[PDB]
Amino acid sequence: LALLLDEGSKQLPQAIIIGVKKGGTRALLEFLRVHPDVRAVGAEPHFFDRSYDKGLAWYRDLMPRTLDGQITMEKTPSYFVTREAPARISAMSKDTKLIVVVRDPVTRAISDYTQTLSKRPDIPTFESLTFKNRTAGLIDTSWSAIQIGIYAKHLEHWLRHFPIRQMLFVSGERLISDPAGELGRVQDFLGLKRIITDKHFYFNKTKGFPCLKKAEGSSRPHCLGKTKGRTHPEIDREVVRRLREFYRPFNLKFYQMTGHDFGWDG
């Protein structure tokens, strides 16, 4: 009795949020889902890093259906640091657009540690993990929480397979302070009309972050959940200064590669 509509085909994603871990990848994808021309995968696929042997038909079948003109997207934050991922994504399509939501490497590292802490309460201290010798002097650049934050090093690998014009570096800090402004730039990059705007957001004082007045799936207000916007433990103040000192030259190189000063160093 009801009219059942064509929902279109499943397309491979024309744009992927490839990083960074704890940069604000869920927030960005959630906000983009408000747009009538966006369809997104929910959970992180981890195709190009973990499930690549399943093949592209399996990956395609994970995708939402789309009507003509809609963009298909997913986010997997580990892609950015996955050595094989640039070649593999280019093999799917050299024209894929890539979004990297970046964040102050120091708060990104603490966020990453705090995520582990929320699931494993008796992990070692952040300060012990920061140093080779677990006390001072030399920073353990091999520790994942520090290594992920050296964005210029990972970016080099991507630029061997993509032109930088196909990459957008989104400010995780501005995504919080001015979500509508940042989403304006994202919509431009994706070729989307600039529909997501200031009126889609409000500041939730209890959450401490922007929330959506309406989500794609909700007539009611939507904040991200308990795993988003965690209270960080306090980190030793001198350790923080040392980590900021370690990242500064790498940050400046990243500003030079991307053409933008993200403000993490004054």
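A residue's number is simply how far along the shown sequence it sits, counting from 1.
- Look at the C-alpha B-factors of 175 to 183 and of 116 to 124. On average they run higher in 116 to 124.
- The PDB entry records a higher mean C-alpha B factor for 132 to 140 than for its counterpart among 93 to 101 and 132 to 140.
- When the C-alpha B-factors of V240, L67, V38, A27 are ranked from the entry, the top spot goes to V240.
- You'll see in the entry that, of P221, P45, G217, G208, the Cα B factor peaks at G208.
- When the modelled residues of the chain are ordered by C-alpha B-factor, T76 sits in the lowest third.
- Compared with the other modelled residues of the chain, the Cα B-factor recorded for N251 ranks in the middle third.
- When the CA B factors of the chain's modelled residues are split into thirds, the value for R244 lands in the highest one.
- In this PDB entry, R165 carries a Cα temperature factor that places it within the highest third of its chain's modelled residues.
- Annotation for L56: C-alpha temperature factor in the middle third relative to the rest of the modelled chain, per the entry.
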